[PDB]
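Notes to accompany the following structure.
Here, each number is a calculation from the coordinates, and none is a lab measurement. For neighbour counting, all protein chains shown are included, and Cβ atoms are generated from backbone atoms with ideal geometry for every residue, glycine included.
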Ligand code: NA
């Protein structure tokens, strides 16, 4: 009597290779080997690290400069930022063909909640390394002992911002960000002069755009402008639980300059709506952890590496190898486009280590949420109930008749939600859910049958949290976890359901 609502597929926007999101990026300062005349900015290496106080490839440049009688200096902006770092680590007494250092940015906890209201002003700093260019036609200067500590400016080795004297140069960054229009503007300035202007569109908790140069004229000699070329590849992200901070980068179009930046807003009374759900329930501790997500629920991020969850069938298995070590995940479903839920474990031996459930979803815009209507949501769920050492496991399927089903009555009018979570070939539901709808989410309680559920296990009022996903809120997802005695009985469960149309 019910079938899935005809929905338009999620529009796939192909990025370009320099616009792939990550926790951070790092670039080795260009040093022209011999007898190369021009060494361009190489490809930015992605950072998969969640340690802020760790500078990328620090031990390498350290090991290079010191036996060569050099001294390291690092600007990471750790003195002012909480969730982000940006800047450099370079060799002050660099000469010759040995490595000079790195220019980078990184951040932790990409935002799942964005501010709501007026545009925000983020303030911070930016840094940069230039390409290396020996050619005399280029006309890069020699001996500007008033501006830089360095004799040959960007010739054998790139010009880093740390080579400049503070007496004459301060590189500041300022951005104005509207999360409503999902738009961003800003300026990268030296002292009071505007070097770059930046434009960007916000998608998820990332932003992609361009940096236009204020001074297009390259010039020559002591009047050489290292910031004449634009960049159509500015990419960054918001960090902090509520987009408290932001960091990013851009590479010049002719790869003559690579610039990084970090900034933070000071705003007083910031209201936040949620945009991203990404959670992981551990099926042993029954504790819950946040997953790193950038606004694509069909992509799971573990230890920094990327595993895509979408596939050709209803539920798809995907396997990836990370630092530790080989990870497997089963993801559902194929009819869900703005959310993904499933299982996630590590395949050590037959056995599984770190068994888990996960739920990701791209929240429905708070203004896109229906205010009137009464709908039906049919879907499925993954779960694990366990008293002592015997287990009951729910595994997502497409058997709408007699599988692990989830049925939901949703009234946007009264803002009420009810749900039934079934076992395979079960007439009466194992779990019943009663939740209240607020904004683009719902919070409520789950209870067993009034007589109990035997693997006997019985409990009432376990905290259930969920949300509506997609532009039309035609998809909903949720989760609940609980344990007693710490820990005798445990329950972990995640569910998903699609909006239905009759007949
Ligand atoms: Na503040």
Cut-off 12 Å, label 7 Å out along Cα→Cβ of residue 168, residues of segment 212-241 by amide N = 222-224
request  = Grab the DSSP H runs of the chain that are 4 residues or longer, score each as -39,500 (n - 2.57), total them, divide by all residues and round the 222 nm result to the nearest 500 deg cm²/dmol.
outcome  = -500 deg cm²/dmol
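Just order 314-325, 82-93 by mean Cβ neighbour count inside 10 Å, highest at the front, would you?
Sorting 314-325, 82-93 by mean packing, highest first, produces 82-93, 314-325.
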key: Relative contact order for segment 1-118, counting Cα pairs under 8 Å that sit 6 or more residues apart, in percent   = 28 percent
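Mind checking the full-extension length gain between residue 3 and residue 136? Use 0.36 nm per residue of separation minus the Cα-Cα distance, one decimal, nm.
Numbers: separation 133, 0.36 × 133 = 47.88 nm, distance 7.12 nm.
The residue 3-residue 136 span can extend by a further 40.8 nm.
Taking 0.36 nm per intervening residue step and subtracting the Cα-Cα distance, what contour gain separates residue 79 from residue 60 on full extension? Walk me through the numbers on the way to the answer.
Numbers: separation 19, 0.36 × 19 = 6.84 nm, distance 2.36 nm.
Going from the current span to full extension adds 4.5 nm.
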query = Which log10 I(q)/I(0) values, to two decimals, does segment 368-414 give at q = 0.22, 0.25 Å⁻¹ under the Debye formula with one point per Cα?
reply = -0.80, -0.87
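Is the shape of segment 224-328 best called rounded, prolate or oblate, per the rule: a/c under 1.5 gives rounded, else a/b larger than b/c gives prolate, else oblate, with a ≥ b ≥ c the square roots of the Cα gyration tensor eigenvalues?
Values: a/c = 2.59, a/b = 1.52, b/c = 1.71.
In terms of gyration-tensor shape, oblate.
Could you order the peptides 194-200, 243-249, 54-60 from most to least packed, using the average number of other C-beta atoms within 10 Å per residue? Before the final figure, lay out each step's value.
Details: 194-200: 19.9, 243-249: 27.6, 54-60: 16.7.
Ranking, from highest mean packing down: 243-249, 194-200, 54-60.
Pulled fully out, how much extra length does the chain show between residue 353 and residue 455, if you take 0.36 nm times their separation in residues and subtract their Cα-Cα distance? Before the final figure, lay out the partial values.
On the way: separation 102, 0.36 × 102 = 36.72 nm, distance 2.29 nm.
The residue 353-residue 455 span can extend by a further 34.4 nm.
What FRET efficiency would be calculated for the residue pair residue 15, residue 368, taking the C-beta separation as r and a Förster radius of 22 Å, to the nearest 0.05?
Details: r = 24 Å, r/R0 = 1.10.
The computed FRET efficiency comes out at 0.35.
What FRET efficiency comes out for residue 147 versus residue 50 if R0 is 35 angstrom and r is the Cβ-Cβ distance? Round to the nearest 0.05. Each step should come with its number before you reach the end.
Values: r = 37 Å, r/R0 = 1.07.
Working from the Cβ atoms, E equals 0.40.
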remark   = By the C-alpha gyration tensor axes a ≥ b ≥ c (rounded if a/c is under 1.5, else prolate when a/b exceeds b/c, else oblate), the shape of segment 300-429 is oblate
remark   = Cα extents of segment 276-363 per principal axis, largest first, Å, are 34, 28, 21
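Sorted by packing (mean other beta-carbon atoms within 10 Å per residue), highest first, where do 421-428, 272-279 land? Write down the numbers at each step before the final one.
Values: 421-428: 14.8, 272-279: 20.8.
Highest mean packing first, the order is 272-279, 421-428.
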note = With R₀ set to 60 angstrom, the calculated FRET efficiency between the beta-carbons of residue 436 and residue 68, to the nearest 0.05, is 0.35
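Return the ratio Rg/(2.2 N^0.38 Å) for the chain, where Rg is computed over Cα atoms only. Before the final figure, lay out each step's value.
On the way: Rg = 26.5 Å, N = 503, 2.2 N^0.38 = 23.4 Å.
With N residues counted in the chain, Rg over 2.2 N^0.38 Å equals 1.13.
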request  = Tell me the label-point distance for the pair residue 414, residue 388, using the 7 Å Cα-to-Cβ offset, in nm and rounded to one decimal.
outcome  = 4.2 nm
